[PDB]
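Participant: Let me give you the structure first, and then I'll get to my questions.
Reconstructed Cβ throughout: ideal geometry from the backbone, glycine too, with neighbour counts over all protein chains shown. The numbers here are math on the coordinates, done by the rules we state, and not lab data.
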Amino acid sequence: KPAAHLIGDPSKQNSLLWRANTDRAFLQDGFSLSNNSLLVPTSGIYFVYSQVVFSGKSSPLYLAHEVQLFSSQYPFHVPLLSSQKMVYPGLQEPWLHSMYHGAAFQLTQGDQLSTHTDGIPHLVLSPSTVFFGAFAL
Amino acid sequence: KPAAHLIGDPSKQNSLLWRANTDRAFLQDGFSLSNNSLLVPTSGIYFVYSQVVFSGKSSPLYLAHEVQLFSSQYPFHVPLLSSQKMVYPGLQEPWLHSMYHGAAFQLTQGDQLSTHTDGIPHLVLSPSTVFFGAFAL
Amino acid sequence: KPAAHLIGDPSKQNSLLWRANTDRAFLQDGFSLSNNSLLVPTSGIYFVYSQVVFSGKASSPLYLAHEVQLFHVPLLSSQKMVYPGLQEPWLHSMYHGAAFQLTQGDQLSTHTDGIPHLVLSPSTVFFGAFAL
Amino acid sequence: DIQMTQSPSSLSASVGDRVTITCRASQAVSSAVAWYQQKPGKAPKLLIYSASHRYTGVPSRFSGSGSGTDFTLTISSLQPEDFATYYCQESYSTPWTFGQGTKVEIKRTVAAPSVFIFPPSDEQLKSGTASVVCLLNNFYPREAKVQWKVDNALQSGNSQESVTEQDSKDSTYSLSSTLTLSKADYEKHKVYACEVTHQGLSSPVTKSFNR
Amino acid sequence: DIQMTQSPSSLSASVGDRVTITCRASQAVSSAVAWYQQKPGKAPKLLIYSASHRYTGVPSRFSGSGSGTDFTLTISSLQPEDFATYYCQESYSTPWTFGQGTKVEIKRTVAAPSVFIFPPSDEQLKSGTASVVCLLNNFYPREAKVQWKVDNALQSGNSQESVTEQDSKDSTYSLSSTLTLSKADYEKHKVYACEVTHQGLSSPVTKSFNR
Amino acid sequence: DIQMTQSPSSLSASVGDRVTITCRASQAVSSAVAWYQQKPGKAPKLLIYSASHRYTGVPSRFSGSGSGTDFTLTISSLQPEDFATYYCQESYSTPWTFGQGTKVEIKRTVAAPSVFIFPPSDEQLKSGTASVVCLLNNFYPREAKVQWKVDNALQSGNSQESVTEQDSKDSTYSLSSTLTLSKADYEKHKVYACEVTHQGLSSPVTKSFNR
């Protein structure tokens, strides 16, 4: 059974570039990355999940993080999983927001799972706090 | 292998009606809806998950979402997965609260999965934000 | 195919002791507890999940955390940091899960901070895993 | 609920013929449709589930297609034992409403009936009523005509018929007409005829007995 | 910890009998229960895991049921190579406590023991110690009682016993018992008796000697 | 991108030898590595995927090992038909870079070549050019030297060689040398010679014709 669990590269801090080549991250039975996307190995149902954590501290700060499926038609990107938060100005204490979700999706071979994030500078890059994963049912 | 992923009906806005007949919704290998419940197709272990998102802009406002298993006993429903949040009056900005959870459960054939929700009007009814789903292990 | 769903003992309220012997909780096909840790029955890939919920009613900040360790290395982590001047009661819920390659005899356990503030019921505080 | 509108209501085809049956669902319904086959006086048999999946044991000539809202059961080579009433069933919602059924009859080369006439039993005649029975045996098509003649005076409203279902080997019918009258009226007449008109007979056959 | 209380501790059965062994747990324990077979001088053998699942190559006359607290092993038709001790074991928690075992032994008819008494040898008396032996021979069932009297005064804590396994022919037991006391105390007294109580004995048998 | 550095570029081993080939990756790559086998003028064959898994119908002498960064194809007992370029490939990222290949040659006992010479065809002399052809047949090793003497005067830049691939049975090679020259210059001379040097010949073999 195909499975993959991805992790952020902490060496970037201004990008969320996924990897699978450490302790705690992996590709298995056919998964593969193509330009920061995860590539569905065969058609079938897949549980897909992803977690992020932001922290910190004029205008409102928009946080967001989405698991996407690349498509050929307009949009080019349909959202499978979505979360937003919005941290505001006058906060006398440091903040910390955490987004987790996962669901089952029928996918086909060669489909592309990517993630888009807003508030990347605020991400908490560690193996247990920011991840992207998928496995075949 | 049985699996189902359910979506809310946007044409309702006062009730949370699960449906499986659209894009990004499905029944597979025996799942079936019965009066807004999910019918467990055979006995075995299932991963059961759900997500909701609430949003808005005198008295406190109570939000809650729960994955229930119908029972013959009393109070006829036993809680499998539960979350609350409590959004209060004097908020100078719009709010948005999100609730996710999933776990493995031993169910038998004919069991009925449903969800009780508190705060229905404030639900964000879109496929990537409000869903209910289960699959066989 | 192995699977476990563990649940808190509410007869403790100052320790979070897991059990799989009630309604809604179980061990299937090889799992076992050993001193509050889930023992991995065979080597392979598992999905591991946990949820907790803290609550209070409001001098110094209060640190909340919940973690799924590999008995110490964190697999799943979360924090929150509730502060003093809160004119209304509070409630923070934490959930996460993911796939991990585990070997036979690996020990899944959980650390928690702010244990007194936990909300112990079957549907609010749990910890479980299943083989893929 | 969800309504299932199966078409056509019935159909007739010969052995070898490709038979297509349609089912249209009131809503969109995924592939959550099943097909059953029921021979009279017996329980339905599962034929197809999940729109296209053939239930185990079901021969290859049975196949199911369709998705969303239009569904189709197809028998490619209709067989002499394939006559039955086929139902579609939506499997998505509850209750699991069935289509109204489609009755399939098998077409066959014409076959003349074999006529047999049975007089009243001696022990029934002590009961004060006489039952005379005529038997049309192994014919096709179904349409036959039975005339009851009593001393050549033909009879009107005192006879009842019944037909078997088509044989699963030879695809033929059988008829049983029962002329009934009081012993009082049976003692009055001498000649009891049974006259059969059919498409395989080139001229009506009469079977009779003297009382 | 978790306690596993097997019952009965032993049971006598015959071939083709249905044998039911129970195991009751101190906690609820999911279904995390196993069963093992053990013959003397050999390691245990896995029969059943997960309460009801049979380990590979285990014959189907073996089965397990039960959930929560009451678990049972059941041999449907006993076979001559099934006479062993059966252990249940909780697999839920650590350590993985075993029950104390049930011994399945061979049923046969009641058989009174035949009693023999042996005085100390003379060469043993040179050692300063005196062993008196009582032999109970070829009896059934196993429950036998031995009383040592020394000049009609009965002894308490100076005897050791030992019983054989069911004989490989008549399935009987045999018990040895050894009163053991100094050459000093041995000379003080004259009459040494050995009183046996058994189920096959209608009144108690006393064997004795004078020194 | 990622780079896949295979080594050695080329090796030579006898039949039944254990052959071992390495691939070092530019990054860590999980176990996402595949191995292919390519015989000349044919598409690659998949041997191993996922570092160690053998694709179906690949014989058991091919094995793959390695993790993270240093990977290894192993042929336990080399067969005369296993001569090929072997490619490793990273399956982790895109594009899925292959390594540069490893030419596995088979080592054999030495075998002197059989020499044959061919004059120019009469129909080709009409064209105004004369090709002379020398064949060296079924030799080993590949290293051979062909000299062209025209009237004992050796030629320089007017011949071309081409060699076949190792035979799949006897593991030999064959070479074709083609001395090409104008019809004019062909008829100025009489003796056309072909002088072959090879390890299998203790003394160089010349083969020639007159015109």
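Participant: Amide H of E:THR129: which non-local residues (sequence gap of 5 or more, or other chain) have their own amide H closer than 5 Å, using H built in the peptide plane?
Facilitator: Result for E:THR129 returns E:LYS183.
Participant: Please report Rg (one decimal) and Dmax (integer) in Å for the Cα set of chain B.
Facilitator: Spelled out, the Cα radius of gyration and Dmax of chain B are 15.5, 50 Å.
Participant: Starting at 0 and stepping by 10 Å, how many percent of the alpha carbon pairs of segment B:57-131 end up in each bin?
Facilitator: 15, 42, 29, 11, 3
Participant: Nearest beta-carbon of F to the rotation axis carrying it onto D: which residue, how many whole Å?
Facilitator: F:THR56, 15
Participant: Treating only the Cβ of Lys, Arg, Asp and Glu as charged (+1, +1, -1, -1), what charge dipole size does the protein assembly as shown show about its Cα centre? Round to the nearest 20 debye.
Facilitator: 1160
Participant: Can you list the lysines whose alpha carbon sits under 26 Å from that of E:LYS149, skipping same-chain ones fewer than 8 residues off?
Facilitator: Reachable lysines: E:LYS126, E:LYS183, E:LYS188, E:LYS190, E:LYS207.
Participant: Identify all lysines with a Cα-Cα distance to D:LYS42 below 20 Å; exclude those on the same chain that are fewer than 8 residues away in sequence.
Facilitator: Those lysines meeting the cut-off are D:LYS103, D:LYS169.
Participant: Turning to a different aspect of this structure: Using 17 Å as the cut-off for backbone N distance, which residues of segment A:59-101 belong to the label zone defined by a point 7 Å from the Cα of A:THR108 along Cα→Cβ?
Facilitator: The answer is A:69-74, A:76-78.
Participant: Starting from the Cα of C:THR42, move 7 Å in the Cα-to-Cβ direction to define the label point; list residues of segment B:104-137 whose amide nitrogen is under 16 Å from there.
Facilitator: B:137, by backbone N distance to the label point.
Participant: What number comes out for the charge environment of A:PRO75, summing +1 per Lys or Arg and -1 per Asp or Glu over other residues with Cβ under 15 Å away?
Facilitator: -2
Participant: Another one. In a shell of Cβ-Cβ distance under 14 Å around C:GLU88, excluding C:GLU88 itself, what net charge do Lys and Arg (+1) and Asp and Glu (-1) give?
Facilitator: Cβ neighbours under 14 Å give a net charge of +2.
Participant: Here's a follow-up. If we sort B:125-137, C:27-39 on the protection proxy, mean other Cβ atoms within 10 Å, highest first, what's the order?
Facilitator: Order by mean packing, descending: B:125-137, C:27-39.
Participant: Between A:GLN13 and B:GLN92, how high is the FRET efficiency from 1/(1 + (r/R0)^6) when r is the Cβ-Cβ distance and R₀ = 35 Å? Nearest 0.05.
Facilitator: Step by step, r from the Cβ atoms, then E = 0.60.
Participant: Ok, one more. To the nearest Å, what is the center-to-center distance of segment E:102-173 and segment E:19-48, using C-alpha atoms only?
Facilitator: 32
Participant: What's the FRET efficiency of E:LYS169 with E:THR69 using the Cβ-Cβ distance as r and R₀ = 41 Å, to the nearest 0.05?
Facilitator: In this case the efficiency is close to 0.45.
Participant: How big is Rg to Rh over segment F:1-158, alpha-carbon atoms, Rh as the Kirkwood inverse-mean-distance radius?
Facilitator: Rg divided by Rh gives 1.17.
Participant: Please enumerate, by chain and number, the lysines with C-alpha under 22 Å from the C-alpha of C:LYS12, excluding those fewer than 8 residues away in the same chain.
Facilitator: C:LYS57
Participant: I'd like the mean, over residues of A:20-26, of how many other protein chain beta carbons sit within 10 Å of each residue's own Cβ.
Facilitator: Mean partner-chain Cβ count within 10 Å for A:20-26: 6.
Participant: Using helices alone, what [θ] at 222 nm do you get for chain D, with -39,500 (n - 2.57) per DSSP H run of 4 or more residues, divided over all residues and rounded to the nearest 500?
Facilitator: Helices in chain D give a 222 nm mean residue ellipticity of -500 deg cm²/dmol.
Participant: On to the next question. List the residues whose amide H sits under 5 Å from the amide H of E:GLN6, counting only those 5 or more places along or on another chain, with H placed 1.01 Å from N in the peptide plane.
Facilitator: Placed amide hydrogens put E:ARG24, E:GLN100, E:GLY101 under 5 Å from E:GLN6.
Participant: Output needed: percent of Cα pairs per 10 Å distance bin for the protein assembly as shown, bins running from 0 to the one holding the longest distance.
Facilitator: It works out to 2, 7, 11, 12, 12, 11, 10, 10, 10, 8, 4, 2, 1, 0, 0, in whole percents.
Participant: Additional query: Please compute, over every Cα-Cα pair in segment D:93-211, the percentage with a separation greater than 18 angstrom.
Facilitator: In whole percent, the share of Cα-Cα pairs in segment D:93-211 beyond 18 Å is 57.
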